Asks: 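One structure coming up, written as structure tokens, with questions to follow.
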Amino acid sequence: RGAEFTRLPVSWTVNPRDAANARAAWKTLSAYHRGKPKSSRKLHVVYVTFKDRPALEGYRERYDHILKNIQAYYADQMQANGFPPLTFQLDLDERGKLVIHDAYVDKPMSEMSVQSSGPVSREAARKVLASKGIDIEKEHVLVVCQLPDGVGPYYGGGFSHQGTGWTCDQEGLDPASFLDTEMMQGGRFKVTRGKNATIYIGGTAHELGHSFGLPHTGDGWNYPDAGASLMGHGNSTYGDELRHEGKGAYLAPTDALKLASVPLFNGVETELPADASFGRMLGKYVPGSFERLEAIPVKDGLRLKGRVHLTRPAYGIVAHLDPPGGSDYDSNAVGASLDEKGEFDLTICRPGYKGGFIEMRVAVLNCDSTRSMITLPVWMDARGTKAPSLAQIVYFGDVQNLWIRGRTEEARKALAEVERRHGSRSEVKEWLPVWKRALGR
Amino acid sequence: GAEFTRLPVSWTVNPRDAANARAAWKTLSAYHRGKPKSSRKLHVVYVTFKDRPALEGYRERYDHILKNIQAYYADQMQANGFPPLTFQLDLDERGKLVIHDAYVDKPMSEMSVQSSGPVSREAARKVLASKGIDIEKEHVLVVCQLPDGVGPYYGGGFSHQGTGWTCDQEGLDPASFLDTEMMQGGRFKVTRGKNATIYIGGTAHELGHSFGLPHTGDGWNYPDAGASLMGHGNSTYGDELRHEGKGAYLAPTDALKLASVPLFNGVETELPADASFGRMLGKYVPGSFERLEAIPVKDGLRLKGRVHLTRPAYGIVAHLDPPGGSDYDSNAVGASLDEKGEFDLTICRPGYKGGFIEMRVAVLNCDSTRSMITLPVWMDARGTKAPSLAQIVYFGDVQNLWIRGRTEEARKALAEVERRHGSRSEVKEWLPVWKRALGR
Ligand code: NA
Ligand SMILES: [Zn+2]
Ligand SMILES: [Zn+2]
């Protein structure tokens with residue numbers, strides 16, 4: 001109900017199973033938080049100007065609207081998914097307005113480039129934050145540069161306890177522009193002024209999600225009337241409902257699950273484990289293993305049943321489908337709850353997929369904000385043929401059992417043994433390339 | 001021509017539009033019989049700046065770009081039922097695109113989105129004049145070595161003169177259409193192929209504007225043909241090479257308009273003395289109708305009428321403009337014109353709930369100009385005839401004066417219906433929409 005920053009409505013209804021999974025996740029996380037110190041983390045804002053690039057007019061009031069819009073959006077989307085209205089807290093002054101730290105870089109735009117705008121702007125943010133007693137390497141920071149397109153950075157990266165977002169200011173940029181239907185003039189993108197603000201501010205929400213540790217997650221068959229996933233193509237649809245263009249952008253339940261363990265969102269200062277490590281995808285990862293893991297083929301999808309070997313508290317599980325040759329934008333995800341013994345059961349589909357072999361990512365969300373992730377080769381079709389899945393049990397049973405237990409080198413040896421013993425058989429030789437690919441992620 | 005990633009044809013024209021195209025070309029061919037041939041070419045100018053040197057391979061890359069757009073227009077004109085008409089390029093002894101190099105002795109810091117356009121065209125005029133070419137009598141594509149947010153992406157002109165504006169980028173080439181790798185680090189999260197689609201499809205879109213084409217969106221009669229190039233097709237040009245969709249197609253109503261452009265048909269027809277610019281792109285002349293009746297059908301109207309031909313015409317185009325929408329939201333239908341001026345077309349807008357909608361009727365003359373009138377019409381899903389019948393009893397004199405171009409008399413007659421029967425329910429809703437049409 002905050003019209004001062006053009007608060008976005010909720011234009012989708014969560015599926016009942018995801019809301020039930022959200023409640024079970026928050027119940028588990030709340031028990032984990034009992035007795036742990038509270039978090040005072042805030043999302044800090046730095047405004048970077050340059051030698052021939054002074055601060056734009058009203059940037060303090062306009063970005064007070066922008067961040068409050070993103071803050072309300074995340075809270076409202078968290079609440080729509082079944083969680084409490086969790087969101088990041090801002091630094092407010094005595095008047096309740098957004099505190100923005102101003103930084104300057106003594107370099108002209110001619111001396112800047114697409115590859116240097118990022119690090120140079122963050123370097124200026126480090127200095128101005130340290131002067132105020134804030135360590136940039138231990139907080140989440142949004143760096144706003146007064147740079148144009150083709151020079152300035154639109155980027156985001158981080159994890160649960162540290163992250164950095166990058167965006168660029170523009171004259172009159174404000175969430176109030178979301179309603180404008182007038183066309184922009186003279187630009188390569190033949191698009192309205194309202195969508196242009198959607199790209200800017202919706203992009204900022206997309207980069208901030210990246211800074212919290214969220215990779216890309218596209219739309220799925222289970223949400224055909226919810227708009228575009230914010231961490232997918234939703235960055236370009238954020239606020240489209242205010243122009244009656246569509247359903248806008250929604251926070252995917254699998255992304256809501258991951259953020260529920262972020263201290264910036266839940267307010268609890270949990271400690272990261274010692275074995276946390278960065279991976280190919282955004283986030284912090286720890287080793288994990290399963291007691292059993294089977295993907296059963298169904299019509300246009302898979303039914304994933306398994307039992308996690310829980311050596312640490314976990315609150316949920318997320319299954320991804322990654323089509324070969326596609327980017328992370330093309331993946332779809334399904335979430336599920338975990339019982340105390342570690343059993344889970346979910347169904348993930350990709351209707352119309354003709355490629356047959358597809359990669360599946362199974363992520364276990366731990367209460368310490370980290371994740372354990374494994375990549376499994378699976379076969380899928382419209383009919384739901386069981387023949388490839390049966391060859392995976394008969395020939396590749398030892399490979400899977402070792403792989404889901406994290407024994408990569410032993411699984412490779414067992415994979416080499418079936419290739420040398422039965423590699424000439426047609427039903428075996430087609431599983432070898434997708435198994436070798438899965439064993440290297 | 002795979003050397004420049006020639007685009008395929010990903011749509012099939014409706015049979016009536018192809019039949020309309022053949023009848024239009026037959027009429028235009030008779031008009032061209034005995035007229036001098038045209039040597040017009042679309043000239044290309046590359047503008048560099050003080051701290052903005054020419055990008056690598058810009059000569060070979062824009063040889064691919066212009067040949068791609070040239071082949072696209074030819075293939076889309078042929079798909080619509082016309083001969084493979086397109087613009088001709090200036091080719092050297094090796095058959096490569098001739099590019100005129102222009103320089104502006106100003107740094108990029110002194111350029112802006114609003115000033116890059118006119119400053120670039122001025123530099124193009126000088127280098128073209130040095131070669132004996134008058135920019136105000138030809139079609140020119142101005143390419144600036146400028147980034148986004150500084151450089152111009154614009155287009156404007158008519159049948160006998162036009163200017164297109166675009167900006168170069170590192171590695172911009174139609175061969176990039178197939179790339180599915182993500183760009184990264186940009187405000188627009190799009191693949192490298194999508195980025196090239198926006199650049200080159202934009203150029204094709206601006207060139208269409210330079211030929212005299214306004215915006216024309218998609219319509220119900222082509223739901224599986226892709227996006228209209230003069231609508232949102234600028235962002236779908238070449239999408240089929242990534243299996244993203246059907247790409248961009250040239251709307252039959254736009255193909256009709258281009259058939260009278262000397263750059264496309266090769267005949268140097270003379271512009272009439274009464275040609276004038278209008279609210280929309282193109283050259284316009286006064287026109288009138290002997291009769292004009294819109295018959296309501298399901299989700300649309302059937303338009304029958306007879307143009308009062310005071311000059312040779314080869315076709316007619318009807319547009320529907322929903323209230324509150326931009327030019328991107330209009331849909332258009334083309335039709336052929338007989339020697340007496342008779343025409344018959346059907347235009348629909350399924351799902352439109354607004355009831356009252358504006359219709360633009362454009363007559364395409366053989367001298368490259370158009371006559372256009374704006375009519376208020378009513379439309380619904382059922383196809384109810386009641387509002388159109390009240391439109392016949394009242395406002396009868398208003399339409400008769402309006403289709404004869406007598407604006408002031410139509411306004412006076414409109415005030416008479418408001419004073420005599422303005423309280424009647426079947427009359428009072430036509431009054432506001434008629435004043436809007438009489439002022440458009
Ligand atoms: Na065996
Ligand atoms: Zn991203
Ligand atoms: Zn345009």
Side-chain angles (χ1 to χ4, degrees), chain A residues 47-50 52-55 59 103-106 108 110-114 116-119 121 124 144-146 148-154 168-170 172-173 184 186-189, chain B residues 44-49 51-59 61-62 99-107 109-112 115-118 120-125 127-130 140-154 163-169 171-172 185-187 195 199 202-203 206:
Chain A
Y47 197 92
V48 174
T49 56
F50 298 92
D52 57 341
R53 286 263 144 178
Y59 71 102
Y104 167 75
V105 158
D106 201 15
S110 69
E111 282 177 6
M112 298 283 78
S113 63
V114 202
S116 87
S117 289
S121 74
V144 181
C145 324
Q146 207 285 96
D149 291 7
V151 199
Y154 300 86
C168 288
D169 199 351
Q170 188 184 257
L173 187 42
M184 281 225 168
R188 186 170 39 111
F189 312 93
Chain B
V44 183
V45 180
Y46 198 91
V47 181
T48 43
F49 301 84
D51 63 330
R52 305 291 303 183
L55 299 184
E56 176 71 26
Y58 78 100
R59 259 153 202 285
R61 284 184 300 106
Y62 272 93
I99 286 168
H100 296 93
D101 290 320
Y103 177 65
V104 162
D105 206 7
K106 309 279 172 233
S109 56
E110 274 163 38
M111 293 295 131
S112 82
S115 54
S116 59
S120 271
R121 189 166 191 279
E122 186 58 34
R125 182 206 310 279
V127 309
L128 285 172
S130 288
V140 181
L141 174 66
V142 181
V143 185
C144 310
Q145 202 299 272
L146 241 30
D148 265 293
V150 182
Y153 302 86
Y154 201 65
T163 317
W165 276 277
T166 194
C167 297
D168 194 11
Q169 203 198 36
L172 193 38
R187 185 164 44 96
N195 181 69
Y199 263 105
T203 307
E206 313 284 8

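Order of the sequence lines sets the chain letters (A, B, ...), proteins ahead of strands, with each chain counted from 1. The figures here come from the full heavy-atom set of this structure, side chains too, leaving out hydrogens, waters and symmetry mates.
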Asks: Would you indicate whether the side-chain heavy atoms of B:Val127 and B:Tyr46 approach each other to under 4.5 Å?
Replies: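 They are not in contact (no side-chain heavy atoms under 4.5 Å apart), so the answer is no.
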Asks: For residues B:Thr203 and B:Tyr62, determine if any side-chain heavy atom of one lies less than 4.5 Å from a side-chain heavy atom of the other.
Replies: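 They are not in side-chain contact.
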Asks: What heavy-atom pair brings B:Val104 and B:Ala123 nearest, and what distance separates the two atoms?
Replies: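 Reported closest heavy-atom pair: CG2-CB, 3.8 Å.
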Asks: Rounded at 0.5 Å granularity, tell me how far OH in A:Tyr59 sits from CD in A:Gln146.
Replies: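 If I round to the nearest 0.5 Å, the distance is 11.0 Å.
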Asks: Is it true that the side chains of A:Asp106 and A:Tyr104 contain a donor and an acceptor less than 3.5 Å apart?
Replies: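 Side-chain D/A pair, A:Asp106 to A:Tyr104: present.
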Asks: Taking A:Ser121 for its side chain and A:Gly118 for its backbone only, find out whether a donor-acceptor pair lies under 3.5 Å.
Replies: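 Yes; at least one donor-acceptor contact below 3.5 Å.
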Asks: Do you know which two heavy atoms are closest between B:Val45 and B:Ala102, and how far apart they sit?
Replies: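 Where B:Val45 meets B:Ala102 most closely, the heavy atoms are CG1-CB, 3.8 Å.
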Asks: So how far is it from B:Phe49 CZ to B:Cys144 SG, rounded to the nearest 0.5 Å?
Replies: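 The SG atom of B:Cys144 is 5.0 Å from CZ of B:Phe49, to the nearest 0.5 Å.
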Asks: Keeping B:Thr48 on the side-chain end and B:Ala54 on the backbone end, is there a donor-acceptor pair under 3.5 Å?
Replies: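 Not confirmed, B:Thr48 side chain does not pair with B:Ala54 backbone.
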Asks: B:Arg59 versus B:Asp101: any side-chain heavy-atom pair under 4.5 Å?
Replies: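 They are in side-chain contact.
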Asks: B:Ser116 side chain to B:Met111 main-chain N or O, any donor-acceptor pair under 3.5 Å?
Replies: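 Side chain of B:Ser116 to backbone of B:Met111: no pair is present.
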Asks: Side chains of B:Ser109 and A:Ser110: does their closest heavy-atom pair fall under 4.5 Å?
Replies: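 Contact flag for B:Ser109/A:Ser110 side chains = no.
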Asks: Looking only at non-hydrogen atoms, find the nearest pair between B:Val142 and B:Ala124 and report the distance.
Replies: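 Where B:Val142 meets B:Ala124 most closely, the heavy atoms are CG2-CB, 4.2 Å.
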Asks: If you apply the rule salt bridge (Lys or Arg N to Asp or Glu O under 4.0 Å), what do you find for B:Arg52 with B:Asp168, and how did you get there?
Replies: CA-CA 11 Å; B:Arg52 305 291 303 183; B:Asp168 194 11; over 6 Å; no
Asks: Could you tell me how the ring of B:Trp165 sits relative to the ring of B:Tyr154: parallel (under 30°), tilted (30 to 60°) or perpendicular (over 60°)?
Replies: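 Aromatic pair B:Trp165/B:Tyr154 classed tilted.
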Asks: Within the 4.5 Å heavy-atom criterion, are B:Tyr153 and B:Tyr199 side-chain neighbours or not?
Replies: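 The answer is yes, as the side chains (C-beta and beyond) meet within the 4.5 Å cut-off.
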Asks: Applying side-chain contact (heavy atoms from CB on, under 4.5 Å) to B:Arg61 and B:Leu55, what does each step give before you reach the verdict?
Replies: CA-CA 10 Å; B:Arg61 284 184 300 106; B:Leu55 299 184; 3.7 Å; yes
Asks: Could you tell me if the side chain of B:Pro147 sits less than 4.5 Å from the side chain of B:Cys167, heavy atoms only?
Replies: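 Side chain of B:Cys167 against side chain of B:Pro147, heavy atoms only: no contact under 4.5 Å found.
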